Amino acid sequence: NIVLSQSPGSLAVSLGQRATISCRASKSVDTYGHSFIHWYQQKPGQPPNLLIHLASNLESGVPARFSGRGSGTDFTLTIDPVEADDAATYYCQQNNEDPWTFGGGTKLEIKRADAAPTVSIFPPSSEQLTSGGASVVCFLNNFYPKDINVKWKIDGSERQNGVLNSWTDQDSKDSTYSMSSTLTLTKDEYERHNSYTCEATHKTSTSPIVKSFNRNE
């Protein structure tokens, strides 16, 4: 087994700048002076897609912003200038020997301007209440960078248990991330309290963005 090791695991690069990502093979991938290693791009929710054949041959229909170099055990993919659409994970894959193997991949993050989240809070639906459940949802949309903290407060008091968080992948068009936080409680616990609050802290401000509602009001 030839092992492929990509570095770095993750890279943030500004629009219009140069991205360089590396692949190291554990053994030479060369025969007849050709390197049997290939570069693929994988955008979120899609399969990978071949960009560079045999280390350095740019596939037809792939922009000239992409180029591959290397020989022996050391290969690089370069993207220059970087565009928004380039937000994806890049993989090298070898087939000088069997089995064919892939590297662990490199996520290219587009380093757009910092942006504060747009925050929205959502009481349980009347449908879910009629049915005896109580979920409170907060969406923190269209922010950068990805690091963000959400605090749930019930009647001014902080709750840590029962919170489930999911982040989207970086948006291909505006380069932002979005995140969702769901606080789950029993209907009876929910009806014991009046005010529900989700607080977002992000480096775009020293004070949290606070969204709140009062039950039955």
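One-based numbering along the sequence shown.
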Stretch with the higher entry mean CA B-factor, where the candidates are 163-171 and 42-50: 163-171
Per the entry, higher mean C-alpha B factor between 130-138 and 68-76: 130-138
Residue, from 176, 56, 31, 60, that the PDB entry assigns the highest Cα B-factor: 60
Modelled-residue ranking by C-alpha temperature factor, third containing residue 118: middle
Third of the chain's Cα B-factor distribution that residue 154 belongs to, per the entry: highest
Within-chain third of residue 214 by Cα B-factor, per the entry: highest
Record-listed C-alpha B factor of residue 181: chain third: middle
Cα B factor band for residue 6 (lowest, middle or highest third within the chain): lowest
